């Protein structure tokens, strides 16, 4: 039904890669997001995959470095990459550290000031960007999966778990699985939510997975982790999500890969495995 602004468009494996801007009312500022449309989207409504980037990343990171366009065109799936935070809020201290503020929204709604007005990434995706994707793009809104990297794997996990039925499939590259148990999570939660811990635990993939009444993704969750990853011991803790999904019977393929690190040469190397995993469920 609606339009939305186009910053640039490029032909890509027969499909179209788009970059968009819109005036967000959950965030109250202009927001940027990218969208890859495969060649099959000119004849019909295709399933889309939302990709959530990590710390220091924008809505352009994944579209340039992941190499997911080639397989999306072959599988007929759209790709949606939003930003990782609000931009142009000019809040004091929003850029003093790269682990907090700008490029570090943590896919949640901040309750504390000065962040609460604009740091509403969870509501922005769920109640604004995803509905708006069905209104403006050739997407089937009821066939969307989600995946992401580090801060964005924490986001794919926690958003999938907190909005049941919203995402049909689920993947992550090197996710922060237990944000309550790592410095990145302690600092961001303290900043955005303060110290209460109840708001903290409803934003922790491991805590939420422990209390599911049934396996939320019976088709299974796929997670790739490099063993040469600088942040694995301090920040990611995938062993704890492995124990949480065992406890409740959630099938998980957590794969550990010697030699691979945190960055996009790793993400590229397993992108094919994730696109196949999601295409098979959404198709």
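Numbering follows the first chain given and starts at 1.
Visitor: If you average the Cα B factors in the entry, which is higher, 122 to 130 or 193 to 201?
Guide: Higher mean C-alpha B-factor in the PDB entry: 193 to 201.
Visitor: Report the stretch with the higher mean CA temperature factor, choosing between 58 to 66 and 213 to 221 on the basis of the entry.
Guide: Result of the comparison: 213 to 221.
Visitor: Pick out which of 155, 88, 145, 105 has the highest C-alpha B-factor in the PDB entry.
Guide: So the option with the highest C-alpha B-factor is 88.
Visitor: For the CA B factor values reported in this entry, which option in 137, 172, 176, 79 has the top one?
Guide: Most elevated C-alpha B-factor of the set, per the entry: 137.
Visitor: Of the three thirds of its chain by CA temperature factor, lowest, middle or highest, which one includes residue 185?
Guide: Tercile = lowest for this residue's CA B-factor.
Visitor: Please place residue 42 in the lowest, middle or highest third of its chain by C-alpha B factor as given in the entry.
Guide: CA B-factor rank for residue 42: highest third.
Visitor: So where's residue 258 on the chain's Cα temperature factor ranking, which third?
Guide: Ranked within chain, residue 258 CA B lands in the lowest tercile.
Visitor: Check where residue 229 lands among this chain's C-alpha B-factors and tell me if it's the lowest, middle or highest third.
Guide: Ranked within chain, residue 229 CA B lands in the lowest tercile.
Visitor: What third of its chain's C-alpha B-factors does residue 99 belong to: lowest, middle or highest?
Guide: Lowest third of the chain for residue 99's C-alpha B-factor.
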